[PDB]
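**Q** Enclosed are the sequence and the experimentally obtained structure.
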Amino acid sequence: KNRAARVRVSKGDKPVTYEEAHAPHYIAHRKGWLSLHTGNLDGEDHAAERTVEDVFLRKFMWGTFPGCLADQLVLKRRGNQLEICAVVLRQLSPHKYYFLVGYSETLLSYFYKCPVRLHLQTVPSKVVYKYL
Amino acid sequence: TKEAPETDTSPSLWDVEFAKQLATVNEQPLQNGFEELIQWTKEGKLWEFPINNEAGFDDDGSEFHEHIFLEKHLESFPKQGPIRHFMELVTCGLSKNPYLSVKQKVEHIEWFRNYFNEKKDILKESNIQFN
Amino acid sequence: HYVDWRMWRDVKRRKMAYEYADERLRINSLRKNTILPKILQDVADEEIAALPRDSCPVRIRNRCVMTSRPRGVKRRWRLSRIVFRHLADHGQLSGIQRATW
Amino acid sequence: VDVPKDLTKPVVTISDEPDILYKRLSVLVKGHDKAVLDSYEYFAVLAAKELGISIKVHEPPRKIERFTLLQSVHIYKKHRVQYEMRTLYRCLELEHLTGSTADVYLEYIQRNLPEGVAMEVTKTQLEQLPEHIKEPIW
Amino acid sequence: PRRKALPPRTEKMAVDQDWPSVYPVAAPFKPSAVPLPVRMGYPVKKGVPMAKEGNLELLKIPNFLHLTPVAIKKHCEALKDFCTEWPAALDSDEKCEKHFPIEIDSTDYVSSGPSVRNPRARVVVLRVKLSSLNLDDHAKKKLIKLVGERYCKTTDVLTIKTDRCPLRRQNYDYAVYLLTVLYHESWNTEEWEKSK
Amino acid sequence: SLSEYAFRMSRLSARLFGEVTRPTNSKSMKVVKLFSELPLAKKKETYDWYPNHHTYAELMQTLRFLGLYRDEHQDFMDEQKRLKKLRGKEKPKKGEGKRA
Amino acid sequence: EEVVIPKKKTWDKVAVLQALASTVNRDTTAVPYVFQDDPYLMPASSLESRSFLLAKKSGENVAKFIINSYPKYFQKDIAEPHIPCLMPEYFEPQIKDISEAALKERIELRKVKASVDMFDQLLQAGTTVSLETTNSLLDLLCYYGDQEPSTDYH
Ligand SMILES: [Mg+2]
Ligand SMILES: [Mg+2]
């Protein structure tokens, strides 16, 4: 049987998100892409460096906002800019969010040598697409 | 006022710290998205449009005749013989190379000049007079 | 802090091959010709063979940058077939989708 | 009721040197999504009409690069997975521009280039015969 | 007690407002700012598409909310002061090649990333018809033998492509220089030419 | 297999376009290809193949001791390494090991 | 026949952005741009408005502290063109020798204590000190009042 990126059915008590409920054969039919850049286009270059930056960002943000991320990130590149769009929870205090936004935006700008901006969208609870 | 002040003299600490107080009166937080882009562009973080792939890269102000015409550096070599033919091929490829600078192309040539000065005794057995 | 020692040995090889790249280039030019004397070409055969082994570019291996896997590596992403699919199957690689036709 | 009584506009000085001419300006944008290109076309075409520029649009054929990989971590050769990257094109052929007009239009659309969309701008400049070419010296 | 979120500011918006002021530049989809009941997603059995609140699919879209027709027309009205007028004389292409017989091509590449470099930007192409040059029978016959496959007899166009030097200004100079030494050598007559 | 006029004309075109002038065999034309291109070892895909794992691992190790990054993986293996001390399965002293 | 070619127009690299910003106005339904456009993160009261920017400014200082304390992690430069404003700053003196040029480097970094304690050593040795160098030390001392400038952390 196939296993990649599939959430196995259960009794019915397990909540899943939209992206987590669709398998790889829906990535261009019912889902989009979590990262958007030009590396993988025909005739373009530096697709390998853009991938290592993505892998590091998803981990930097998972450990920098522990227990706060409601769903996967959405990385966007428009020229020199790098826009990180995240959906976070409302448990943490806003004072601590503004601290981490300025700490991460700055640390990542000096690391990758690019202007970085972070966009948060708070939700009360993790959105549920269905129950498996 | 005075026609010519002491422009050569550099501002003192009192003048450098007073100019930082005049840049704070007009200091205000970013009011819109456009202003952020403007601030970044002035600092140098954001690219200047329209896009130029050669931005910030001038190869030491070198003209095309410094990359393609390298037989000016072959004046310390035999004018005729195998060394000339060989060194006429090195400079032909060095002329077709857009990945090197003129400062790097001369290094290659100077290395051969010094290399043939150490092999003089070996070039005499083959009847080759290098300097 | 690399994945394994096999990876670490390749990092050193790519560093030593970058320092001697020009010296090896200039010497090979003498060998790859029928113009210069055989006596001189024989001396260049010994000078480039006396350079350290790790300076030779053929001793470099394109391993995966995440798992250090020597085989099954895609050169465009520098990843192994197993890691590439893990990111592509989760929609983390821009433009990559599954093929059907 | 609150509105800036006066507005400041960026200074545009006129130079003495002559301006550059462009017989054609070919803009080729790539992307993985077609609706993002159909939407970028509508924006780039409408921005040309308001600036007084001639523009023609055509859609070059797409390119699909495929490749296959093993399905399992160990053995099971027969069973593999195939992937593809789809590259869609959209060419915007402008005509009869100047250096300044193209400098403005390009900056306007390059900045608003959406995510996952590249661009190849081919500029066809008009020049005159050099002085040395007018007559022979020999 | 716990801090509660304020209601979305879409309710305070009026219908006859100025949208460009809300989305002046490119920005991600903010459901608390976009006053549209837009939905996205594949519905479950006897269900409806997911709402915009918390939807990641709408965040993945590169929206065009900052480029509404109202803004475009308003943006370009302020950009007409940077533009120049095209010579009315040069109406057609046949008249452009009579005063400007040379055409220089050069390509610029725009790609995401921290580096803007691209080695494909150094290339320069120079095209010119031989009918616009002051050549005679001999010079023209000799020029076509030097350039080789760079000349197309069907179109009578000489194409010079230069990608030797790092920068694009150098290759431009190289191409003009090549056109010059070709023109003059073509006019020059040598002794060996007699043995044709 | 060329006429004298064609040979002396081709030799001239080569001089103009900066190509090889002297008659050279295929073996010796590799010297032109060795210096007209950048060697494989100096290409950026070769010497910058790997990302510097020292920086990534040393940076995030420091950020964890500073309290700014939470590594769920170190916490896992730090809890296991703490339960093996209570069970007696502790790493021995170097040199003074079980063997001698 | 002669065709009149138009004159070339020039402008600054930010001129096209200032013309587009002149086409918009303040959004009445929104809070200042600097804040996060989100109901839970929007400042309700005036105290939040000021305490929310002081916390975001505090994260920028915590990152600069880490960037200047461990420069080696951020030295790798991949940007083209180079961005000088995104590279670690070096506040420590590099010329460890005692000379006239080694004191000038400690005056440009505003090292009051090190420069004065090192000026005595240079003066004790008897080496001639230029009057343009001793005048540059007075300015550093007359301004701060023989006290060290403020720093992120000691
Ligand atoms: Mg199967
Ligand atoms: Mg091999």
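**A** Yep, it's here. Residues are numbered from 1 along each chain as shown, chains lettered A, B, ... in the order given. Ligands and ions are numbered 1, 2, ... in the order given.

**Q** And the strands in the chain, which stretches?
**A** As the question left the chain open, I've gone with chain A. Residue ranges of the strands in chain A, as given by DSSP state E, are A:15-16, A:35-36, A:74-78, A:81-89, A:116-123, A:130-131.

**Q** Please refer instead to chain G.
**A** Remark: strands assigned in chain G by DSSP E are G:7-10.

**Q** Same check on chain F?
**A** Remark: no strands are assigned in chain F by DSSP E.

**Q** Give the closest residue to the residue in it positioned nearest to chain E in space, chain neighbours not counted.
**A** Proximity of chain F to chain E (C-beta to the nearest C-beta) peaks at residue F:13, 4.4 Å away. Where C-beta positions appear, they are placed from N, C-alpha and C, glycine not excepted. Leaving aside its sequence neighbours, residue F:13 sits nearest to residue E:146 (C-beta to C-beta, 6 or more residues apart in numbering or on different chains; 4.4 Å).

**Q** Does chain G have contacts with stretch A:92-99?
**A** Yes. Judged by C-beta under 8 Å from any C-beta of the partner chain, stretch A:92-99 comes into contact with chain G at A:94-99.

**Q** Can you say which of these are buried?
**A** Among the residues of stretch A:92-99 next to chain G, those classed as buried by 16 or more other C-beta atoms under 10 Å in any protein chain shown are A:94, A:97-99.

**Q** Among the residues you listed, name the ones in helices.
**A** A:94, A:97-99 (DSSP state H).

**Q** Reformat those residues into a markdown table and put distance to residue B:7 next to each item.
**A** Formatted as a markdown table, those follow (distance: C-beta to C-beta, whole Å):
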| residue | distance to residue B:7 |
| --- | --- |
| A:94 | 51 |
| A:97 | 50 |
| A:98 | 45 |
| A:99 | 46 |
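
**Q** quick check, nearest of these to chain B?
**A** For those, the minimum distance to chain B (C-beta to the nearest C-beta) is 13.5 Å, reached by residue A:98.

**Q** Quick check, the closest one in contact with residue G:60.
**A** No. Counting by C-beta atoms under 8 Å, residue A:98 stays clear of residue G:60, with 10.5 Å between them.

**Q** backbone phi and psi for the residue lying closest to residue A:114 once chain neighbours are set aside, please?
**A** Counting by C-beta to C-beta, 6+ apart, residue E:114 is the residue found nearest to residue A:114 once chain neighbours are left out, at 4.6 Å. Here is the backbone geometry of residue E:114 (degrees, to the nearest 10): phi -80, psi -20.

**Q** Residue E:114: what's it in contact with?
**A** By C-beta atoms under 8 Å, 6 or more residues apart in numbering or on different chains, the contact list for residue E:114 reads A:80, A:112-114, G:78-80.

**Q** Can you list which of these are found in helices?
**A** Counting by DSSP H, the part of these found in helices is residue A:112.

**Q** quick one on the thing from earlier: can you put the buried ones among the residues of stretch A:92-99 next to chain G in CSV and add distance to chain E?
**A** Listed next are these as CSV, based on distance: C-beta to the nearest C-beta, whole Å:
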residue, distance to chain E
A:94, 7
A:97, 12
A:98, 14
A:99, 16
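
**Q** Which residues of chain B lie near chain D?
**A** Within reach of chain D by C-beta under 8 Å from any C-beta, chain B has these residues: B:49-51.

**Q** Residue D:95 looks like it's in a strand, true?
**A** Yes. Counting by DSSP: H, G, I helix; E, B strand; the rest coil, residue D:95 is found in a strand.

**Q** Tell me how many other residues crowd the nearest residue to it once chain neighbours are set aside.
**A** The shortest distance from residue D:95 to any non-neighbouring residue, by C-beta to C-beta, 6+ apart, is to residue D:54 (4.6 Å). For residue D:54, the count of nearby residues is 13 (other C-beta atoms under 10 Å in any protein chain shown).

**Q** Would you check how far apart residue D:54 and residue G:9 are?
**A** From residue D:54 across to residue G:9, the span is 20 Å (C-beta to C-beta, to the nearest Å).

**Q** Nice, that's everything, thank you.
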